[PDB]
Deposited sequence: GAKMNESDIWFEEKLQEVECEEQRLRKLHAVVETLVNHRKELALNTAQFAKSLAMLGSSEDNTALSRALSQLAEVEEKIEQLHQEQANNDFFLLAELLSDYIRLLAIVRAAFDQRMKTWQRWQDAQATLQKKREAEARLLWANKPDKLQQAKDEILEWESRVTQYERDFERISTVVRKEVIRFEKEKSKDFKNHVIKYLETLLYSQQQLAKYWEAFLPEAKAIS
């Protein structure tokens, strides 16, 4: 048995990856919202610009619609989705370890009962003790059966992911720093 160790590993990775997920999810959601709000803005500007009678206002609205689009265009999401699924899988493996534990216990207790039934044997009360052992060996074999099944399912069922997140974060940071430097110098006023 190594199950104790392999559970502690899984328990650890699940705690580590859930933390990373919370970082990846704030990054994925922000980029998602920005491309969403910008596409609405651009559509709204083009519609307003189309329905404008003043030529100067009309051109300005439609040119700004064209701009929000060009700038919007200016991989991490695949890594993000692989992470979300892997987290869900770790939850299934731990539930399997939990199942294995509870199934193992039902068996051990039945095994203990059976053993007390055998000590109890060591006329009509002797016949009752005999039929008791036949009912508990029936139970004990099925409970070991239930256990073996779950252990097979368990057998069948982070710090690499993290580096990739750091890489994306650093380039995002740099890119944003350059935009802050540009706006601080060029802010229209």
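- Of the deposited sequence, the ranges 1-8, 83-89, 138-144, 180-187, 220-224 have no C-alpha coordinates according to the record.
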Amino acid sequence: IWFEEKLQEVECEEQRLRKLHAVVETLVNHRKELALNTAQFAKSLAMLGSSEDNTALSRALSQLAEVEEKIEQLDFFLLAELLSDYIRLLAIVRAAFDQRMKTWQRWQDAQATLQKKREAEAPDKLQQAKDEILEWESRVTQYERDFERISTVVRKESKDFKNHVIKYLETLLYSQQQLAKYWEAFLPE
From here on, numbers count along this sequence of modelled residues.
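- In this crystal structure, the stretch out of 58-66 and 123-131 whose C-alpha atoms carry the higher mean B factor is 123-131.
- Look at the mean CA B-factor for 31-39 and for 45-53 in the entry; the higher one is 31-39.
- Set against one another, the Cα B-factors of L82, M101, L90, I71 in the record reach their highest point at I71.
- Per the deposited record, the Cα B-factor of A112 falls in the highest third when ranked against the other modelled residues of its chain.
- Annotation for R94: CA B-factor lies in the lowest third of the chain's modelled residues.
- In the deposited entry, the Cα temperature factor of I1 places it in the highest third of its chain's modelled residues.
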